[PDB]
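Which chain is which? The protein sequence lines are A and B, in order. Per our numbering, the very first residue in the first sequence carries number 1; after that it's consecutive. Per our numbering, the very first residue in the second sequence carries number 199; after that it's consecutive. Structure, as structure tokens:
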Amino acid sequence: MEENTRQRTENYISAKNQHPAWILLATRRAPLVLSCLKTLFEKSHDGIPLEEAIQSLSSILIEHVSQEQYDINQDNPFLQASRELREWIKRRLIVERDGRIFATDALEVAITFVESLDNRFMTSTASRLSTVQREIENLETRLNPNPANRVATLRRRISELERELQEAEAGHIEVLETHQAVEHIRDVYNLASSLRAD
Amino acid sequence: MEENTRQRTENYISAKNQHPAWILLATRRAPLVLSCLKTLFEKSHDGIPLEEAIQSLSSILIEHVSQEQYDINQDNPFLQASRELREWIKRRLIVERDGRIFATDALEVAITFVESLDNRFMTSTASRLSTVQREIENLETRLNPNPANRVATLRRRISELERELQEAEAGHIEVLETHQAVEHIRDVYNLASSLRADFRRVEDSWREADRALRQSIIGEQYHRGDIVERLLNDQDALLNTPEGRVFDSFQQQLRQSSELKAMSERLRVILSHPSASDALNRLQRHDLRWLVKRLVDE
DNA sequence: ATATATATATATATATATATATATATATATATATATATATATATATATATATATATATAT
DNA sequence: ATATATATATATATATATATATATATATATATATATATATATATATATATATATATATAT
């Protein structure tokens with residue numbers, strides 16, 4: 001839609017003022033908050049019982065008391081956790097239901113951002129340009145409904161598989177080096193761990 | 199490495215100060231800048247000739263004088279473009295080479311951020327689960343080198359495909375509903391349109407493994423081994439494995455043109471399907487249409 | 001063919017005018033922290049009502 | 001020939017009153033970033049004149 005060229009600036013001016021992720025990234029405290037939350041949910045994402053969350057957050061805050069650059073104090077770590085773990089809830093980064101906290105989407109996106117700043121896994125890899133190849137093949141063979149084309153493509157595919165089986169039975173095994181196994185494992189992780197994002 | 203638990207806060211404190219994206223998002227004018235920049239490159243990612251870029255950005259600035267709350271200049275939008283397109287170069291959002299600007303990775307990530315706030319494409323879907331199912335099937339069959347297991351897997355797979363062929367020769371063929379076609383089209387877009395995301399960081403890695411070489415050739419004011427050891431070897435003197443060795447094997451996939459032609463033709467056919475135009479808007483149906491060409495010519 | 005005239009272009013000097021880069025000051029706006037005030041929650045002692053359990057008294 | 005309906009005593013549940021700590025809300029002061037504006041110099045482009053080298057023509 002051509003009117004997007006004008007609507008887009010309004011959309012962004014609204015987002016930069018409202019969405020929890022962007023507001024969080026804009027503050028002067030974003031790095032500490034993001035590190036704390038990532039550390040909290042990093043080890044096991046199933047929802048976190050509130051008392052265990054308080055324990056973990058209080059333990060983590062102790063390892064940052066030396067950061068006087070943000071006035072981190074020492075009086076009572078547990079009370080400080082009790083305060084800010086709800087300061088975040090009122091900011092809609094985390095939401096507590098059924099006694100457990102969770103990370104709303106407005107934090108899923110933000111953590112997807114900072115962690116992808118420097119050392120994100122490669123997407124421009126041989127594995128991805130094989131996966132899209134095969135997926136394109138499958139989608140094409142599934143959309144066009146002509147049965148003759150379906151039977152022809154199934155015949156060619158099964159004949160190719162027969163060739164592969166004939167060569168495999170002959171002992172012509174071929175396997176990935178480490179150089180390629182690393183890449184394929186990284187790819188299949190970068191696909192699998194995306195299912196949970198929604 | 200569990201010392202990451204402490205290293206991480208230092209990493210983030212440094213990143214929030216330096217990395218161009220995270221500096222951009224925190225300014226009081228990020229929305230305007232991102233809306234302009236996206237629009238510039240929205241229609242072509244091959245880079246923009248500088249004069250055409252000036253023209254387009256100057257027209258867009260006029261299109262957004264509705265935000266003249268920031269005193270957007272009404273006198274000479276071409277001069278204002280000359281100023282903004284250079285401010286964005288000294289801030290490392292864009293870089294001009296060979297007379298054409300480009301978007302560095304530090305802007306690729308930032309644009310990936312805002313345009314995923316509101317209405318990002320769905321990931322948790324039927325198609326994604328099917329694709330990871332099959333990929334997990336394929337990767338496992340390729341690691342354990344036992345040939346008996348391989349031949350057994352090929353036999354079971356070919357017998358399973360025999361069922362499908364037998365049922366296809368008959369009239370029990372079935373195809374995707376409208377919504378499932380929409381979903382698979384969206385998924386195969388969300389995979390393919392990510393291949394392009396790393397070129398402008400491979401180049402950054404190479405332009406960083408070179409400085410870390412001439413900063414040692416000049417620090418070795420007394421030594422020769424670290425030069426002859428490289429030059430006598432015909433191997434790439436600027437070799438940078440951590441990204442160079444991945445990207446290179448991807449070239450040994452692109453230059454197998456026989457498969458690329460099949461990919462291009464299949465993409466030609468899919469986009470003609472009735473359901474395509476409902477799953478993807480106009481711009482998406484342009485980018486996804488030109489994939490092979492704009493990959494080879496990048 | 002080699003060297004000599006006669007155009008043509010090229011290169012440098014000088015000057016005018018415009019735009020950019022740099023540095024700094026100051027203003028303004030914005031975000032964050034602290035100070036103050038008031039309401040809410042938990043704990044303790046005492047009194048009051050209700051329920052539970054036990055003891056004798058009963059037309060079943 | 002058996003429990004049933006009652007009073008007695010015990011135990012617990014519920015409400016009142018007060019002390020104490022903590023949370024929420026409001027308002028003020030401070031620091032940070034941005035924007036503009038000022039001031040200066042540099043850099044770039046253009047106009048005119050001069051001097052050099054090159055290119056082409058006629059005679060030798």
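Note that the Cβ used here is the ideal one computed from N, Cα and C, for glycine as well.
Beta carbon proximity, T125 (chain A) to chain B, threshold 9 Å: At least one chain B Cβ lies under 9 Å of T125 (chain A).
Within chain B, the residues that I158 (chain A) reaches when beta carbons sit closer than 9 Å: Ordered by position in chain B, the residues that pass the 9 Å Cβ test against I158 (chain A) are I356, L359, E360, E362, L363.
The region 185–193 of chain A touching the region 119–130 of chain A, judged by at least three CB pairs closer than 8 Å: The answer is yes - the region 119–130 of chain A touches the region 185–193 of chain A, with three or more Cβ pairs under 8 Å.
According to DSSP, residues forming a beta bridge with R100 (chain A): Partner(s): A:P49, A:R97.
Closer than 7 Å at the beta carbon, the chain B residues around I136 (chain A): Chain B residues near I136 (chain A): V386, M461, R464, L465.
Supposed contact pair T329 (chain B) and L32 (chain A) - C-beta distance, whole angstroms, cut 8 Å: About 37 Å; that fails the 8 Å criterion.
Contact set between the region 207–229 of chain B and chain A, restricted to residues whose Cβ is under 8 Å from the partner: The residues in question are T207, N209, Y210, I211, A213, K214, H217, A219, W220, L223, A224, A228, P229.
9 Å Cβ cutoff, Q67 (chain A) in contact with chain B: By this cut-off, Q67 (chain A) is an interface position.
Close Cβ partners of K236 (chain B) (< 7 Å) along its chain, the five nearest in sequence each way excluded: Closer than 7 Å at Cβ, skipping near neighbours: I309.
Under 7 Å (Cβ pairs) to chain A, residues found in the region 239–261 of chain B: Within the region 239–261 of chain B, those residues whose Cβ lies closer than 7 Å to any Cβ of chain A are, in chain order, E261.
Validate contact between the region 394–402 of chain B and the region 427–445 of chain B using beta carbons, cut 8 Å, 3 pairs: They touch, by the three-pair rule.
Helix, strand or coil at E266 (chain B) according to DSSP, with G and I counted as helix: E266 (chain B) falls in the helix class under three-state DSSP.
The region 250–258 of chain B touching the region 214–231 of chain B, judged by at least three CB pairs closer than 8 Å: Contact check between the region 250–258 of chain B and the region 214–231 of chain B: fewer than three CB pairs, one atom from each, fall below 8 Å, which does not count as touching.
Whole-angstrom C-beta distance between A304 (chain B) and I383 (chain B), which should lie under 8 Å: The Cβ separation is near 31 Å, so there is no contact.
Chain-ordered neighbours of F113 (chain A) on chain B, where CB pairs are closer than 7 Å: Simply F311.
Distance between beta carbons of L259 (chain B) and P275 (chain B), contact taken as under 8 Å: The beta carbons of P275 (chain B) and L259 (chain B) sit about 5 Å from each other, so the pair counts as a contact at 8 Å.
Distance CB(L222 (chain B))-CB(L232 (chain B)) smaller than 9 Å: Between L222 (chain B) and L232 (chain B), the CB-CB gap stays under 9 Å.
Ordered list of alpha helix (DSSP H) runs contained in the region 414–489 of chain B, each at least 4 residues: Taking only runs of at least 4 residues, the alpha helix (DSSP H) segments lying wholly in the region 414–489 of chain B are 423–429, 439–452, 455–468, 474–477, 480–485.
Residues near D424 (chain B) in its chain [Cβ-Cβ closer than 8 Å; skip 5 each side]: Correct list, in chain order: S414, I415, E418.
Cutoff 6 Å; reference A477 (chain B); Cβ partners in own chain excluding five residues on either side: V380, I383, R384, listed in sequence order.
Cutoff 7 Å; reference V312 (chain B); Cβ partners in own chain excluding five residues on either side: Only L232 meet the Cβ criterion.
Contact between the region 339–359 of chain B and the region 79–97 of chain A (3+ Cβ pairs under 8 Å): Touching, no, given that fewer than three Cβ pairs across the two stretches are closer than 8 Å.
First through last residue of the alpha helix (DSSP H) which encompasses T207 (chain B): Membership of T207 (chain B) in the alpha helix (DSSP H) is indicated by the continuous run 202–216.
Any C-beta of chain B under 9 Å from that of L143 (chain A): The beta carbon of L143 (chain A) sits closer than 9 Å to some beta carbon of chain B.
7 Å Cβ cut-off: residues of chain B touching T39 (chain A): Below the 7 Å Cβ cutoff, chain B contributes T203 as neighbours of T39 (chain A), in chain order.
Chain A within 9 Å of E441 (chain B), Cβ atoms only: Taking Cβ atoms only, chain A reaches closer than 9 Å to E441 (chain B), which makes this a yes.
CB contact below 9 Å: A301 (chain B) versus chain A: No, because no Cβ of chain A sits closer than 9 Å to the Cβ of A301 (chain B).
Proximity to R91 (chain A) [Cα-Cα], best of A:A15, A:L176, A:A21, A:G171: Checked all of A:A15, A:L176, A:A21, A:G171; the closest Cα to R91 (chain A) is A:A21.
DSSP three-state assignment for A197 (chain A), whether helix, strand or coil: Residue state for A197 (chain A) is assigned as helix, using DSSP reduced to three classes.
Distance between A148 (chain A) and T141 (chain A) (C-alpha atoms, nearest Å): Whole-angstrom Cα-Cα distance: 11 Å.
Residue environment, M461 (chain B), which counts as buried when at least 16 other CB atoms sit within 10 Å: It counts as buried.
Beta-carbon contacts of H262 (chain B) that lie in its chain and below 8 Å, excluding the five residues immediately before and after: Result list for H262 (chain B): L230, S233, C234, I270, in chain order.
Short CB-CB distance (under 9 Å) between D316 (chain B) and chain A: Put simply, the CB of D316 (chain B) is near chain A, with a gap under 9 Å to one of its CB atoms.
Residue-level contact to chain B via CB, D198 (chain A), 9 Å cutoff: Yes, because at least one Cβ of chain B sits closer than 9 Å to the Cβ of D198 (chain A).
9 Å Cβ cutoff, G171 (chain A) in contact with chain B: For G171 (chain A), the nearest beta carbon of chain B is closer than 9 Å to its own beta carbon.
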